[PDB]
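**Student:** Following this message is one structure expressed as structure tokens.
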Amino acid sequence: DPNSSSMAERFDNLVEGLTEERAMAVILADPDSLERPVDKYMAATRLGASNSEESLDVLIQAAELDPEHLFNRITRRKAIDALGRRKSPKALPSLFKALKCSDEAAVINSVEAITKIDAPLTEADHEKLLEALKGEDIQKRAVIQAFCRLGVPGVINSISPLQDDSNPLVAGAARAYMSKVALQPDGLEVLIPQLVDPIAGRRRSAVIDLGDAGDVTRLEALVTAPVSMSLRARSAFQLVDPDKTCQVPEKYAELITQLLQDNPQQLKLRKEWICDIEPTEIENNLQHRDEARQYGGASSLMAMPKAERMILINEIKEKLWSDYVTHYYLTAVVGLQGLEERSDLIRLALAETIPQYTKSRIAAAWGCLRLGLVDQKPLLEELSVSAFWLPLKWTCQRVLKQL
């Protein structure tokens, strides 16, 4: 845990859950009648991890909970995204009722749940989903995305003219649907400058939509978009490995490696995002809310002369190593410049077993290759076979292919 190596403190929220039996018991109860009313929420989350048929039928009831009073719309919301990871199609009648709910949070949850189920939908089902479409733009981007991911050519008449919704977040989702469901990818050109759009939200949305589009020619644009490497890698692997076959064709190996190595001095960064080469300047940029500024900081921390850099690398690390954002950029900079002086961080980061820090394991993996730390081969091997996040699992395979 980076908390024992860092001054900043990451506070987790451990909450005691319920057994399955107790969950089923309370999740429909009037919250005013419960010893512990918060149990009414966690029971949904608990039944989400359940496997019995009864726990699925209780969740279906919780998803049809009468939205009259306060506590039964919150619990309805969690029953619904619980039914998403359950991935059963018997949730589908409940989730389609919820498409008409007042609670617009229930609707966006119901839309993503129906996407997770990935069941066969009737023509009538697509009409119900279509009514959810033209709510407000955030819902609309979510409904469109469900059609794209579920792969639904029926609604093309409805999605196609949204390619020119004035909101790029709505238009970009619709251009991705056209590309992936209707097989017309020429609408994506708009997304390529949007990857360096001044607005962070269109930047991020662009990366997502290019991955939903299934048009692998846009891969080269993902390799350098100033967006967090997590989102890009995902989208890039949606292009190179649509079936999560854990394979990336060598024909794309060169482009996928550059992306996963994520060199801040080769991202398309504007001048506004690049900061001066002084300590507190580097630090503020890494603290900024947005990866574009953060990449600028990491970028110019690399521009710093090595003697001052090593000191700056140390001070930042002992202050913010528990901060998952900073943890990554320190690991990458050590791995990218091959600062053998700081191979302690490559080894700590590759060992990081807390999910928040997974992007650092990739940077640490690439640094094991660059630094020739053959002693990590046992842990690179385990990740090559066990690691949950496919792009992490794929980098350790490449590092071993060469170390």
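**Student:** Tell me which helices (runs of 4 or more DSSP H) are completely within region 342-401 and hold 1 or more residues being small (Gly, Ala, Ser), within 17 Å of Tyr324 (Cβ to Cβ) and under 23 Å from the mean Cα position of the chain (by Cα), or say none if there are none.
**Tutor:** Filter on region 342-401 gives 343-351, 358-371.
**Student:** Given the conditions (1) under 17 Å from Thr395 (Cα atoms); (2) assigned to a loop (DSSP other than H, G, I, E, B); (3) not charged (D, E, K, R), which single one is not true for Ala253?
**Tutor:** The single condition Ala253 does not satisfy is (2).
**Student:** Whether any residue in region 173-191 is in a helix (DSSP H, G or I), of a type in the set (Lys, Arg), surrounded by fewer than 19 Cβ atoms within 10 Å (Cβ to Cβ) and not assigned by TED's automatic domain parsing to the domain that holds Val111 is what I want to check.
**Tutor:** Checked against the condition, which is being in a helix (DSSP H, G or I), of a type in the set (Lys, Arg), surrounded by fewer than 19 Cβ atoms within 10 Å (Cβ to Cβ) and not assigned by TED's automatic domain parsing to the domain that holds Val111, region 173-191 yields no hits at all.
**Student:** Quick check on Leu65: is it assigned by TED's automatic domain parsing to the domain that holds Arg77 and within 28 Å of the chain's Cα centre (by Cα)? Break it down stepwise before answering.
**Tutor:** Numbers: assigned by TED's automatic domain parsing to the domain that holds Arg77: yes; within 28 Å of the chain's Cα centre (by Cα): no.
So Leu65 fails the test.
**Student:** Kindly establish whether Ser94 is of a type in the set (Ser, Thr, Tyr), in a helix (DSSP H, G or I) and not assigned by TED's automatic domain parsing to the domain that holds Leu150. Step through it out loud before you land on a result.
**Tutor:** Values: of a type in the set (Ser, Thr, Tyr): yes; in a helix (DSSP H, G or I): yes; not assigned by TED's automatic domain parsing to the domain that holds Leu150: yes.
Yes; evaluated as a whole, the condition is true for this residue.
**Student:** Just one of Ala113, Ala105 is surrounded by fewer than 18 Cβ atoms within 10 Å (Cβ to Cβ), in a helix (DSSP H, G or I), within 24 Å of the chain's Cα centre (by Cα) and not assigned by TED's automatic domain parsing to the domain that holds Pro161; which is it?
**Tutor:** Residue meeting the stated conditions: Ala105.
**Student:** May I pose another question? Any chance you could count how many residues in region 40-63 are farther than 10 Å from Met24 by Cβ and among the acidic types (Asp, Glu)?
**Tutor:** 1
**Student:** Just the residues that are basic (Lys, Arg) and under 30 Å from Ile316 (Cα atoms), please, taken from region 6-56.
**Tutor:** Correct list: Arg10 only.
**Student:** Read through the list (1) touching a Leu at 6+ places or on another chain (Cβ under 7 Å); (2) of a type in the set (S, T, N, Q); (3) surrounded by 17 or more Cβ atoms within 10 Å (Cβ to Cβ), then give the number of the only condition that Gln402 fails.
**Tutor:** Failed condition: (3).
**Student:** Can you find even one residue in region 320-336 that is farther than 26 Å from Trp389 by Cβ, of a type outside the set (A, V, I, L, M) and either assigned to a helix (DSSP H, G or I) or in contact (Cβ under 8 Å) with a residue 24 or more places away in the chain (or both)?
**Tutor:** The answer is no; no qualifying residue exists.
**Student:** Here's something else I'd like to know. Given the options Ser88, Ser6, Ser55, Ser94, name the one that is surrounded by fewer than 18 Cβ atoms within 10 Å (Cβ to Cβ) and either in contact with a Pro (Cβ under 6 Å, 6 or more places away or on another chain) or of a type outside the set (A, V, I, L, M, F, W, C) (or both).
**Tutor:** Values: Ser6 fails: surrounded by fewer than 18 Cβ atoms within 10 Å (Cβ to Cβ); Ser55 fails: surrounded by fewer than 18 Cβ atoms within 10 Å (Cβ to Cβ); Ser94 fails: surrounded by fewer than 18 Cβ atoms within 10 Å (Cβ to Cβ).
Selected residue: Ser88, the only one of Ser88, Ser6, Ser55, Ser94 that is surrounded by fewer than 18 Cβ atoms within 10 Å (Cβ to Cβ) and either in contact with a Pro (Cβ under 6 Å, 6 or more places away or on another chain) or of a type outside the set (A, V, I, L, M, F, W, C) (or both).
**Student:** Also, quick follow-up: For region 209-235: of the residues being part of a helix (DSSP H, G or I) and in contact (Cβ under 8 Å) with a residue 60 or more places away in the chain, which is farthest from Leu269 (Cα to Cα)?
**Tutor:** My answer is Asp212.
**Student:** Test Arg46 against the stated conditions and say whether it is crowded, with 19+ Cβ neighbours inside 10 Å, under 17 Å from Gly17 (Cα atoms) and not aliphatic (A, V, I, L, M). So that I can check it myself, show each step before the final result.
**Tutor:** Details: crowded, with 19+ Cβ neighbours inside 10 Å: yes; under 17 Å from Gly17 (Cα atoms): yes; not aliphatic (A, V, I, L, M): yes.
Considered against the rule, which asks whether it is crowded, with 19+ Cβ neighbours inside 10 Å, under 17 Å from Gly17 (Cα atoms) and not aliphatic (A, V, I, L, M), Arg46 comes out as yes.
Basis: the model, the stated rules and, where named, an outside source; no laboratory instrument gave them. Neighbour counts run over all protein chains shown; Cβ positions are idealised from the backbone, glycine included.
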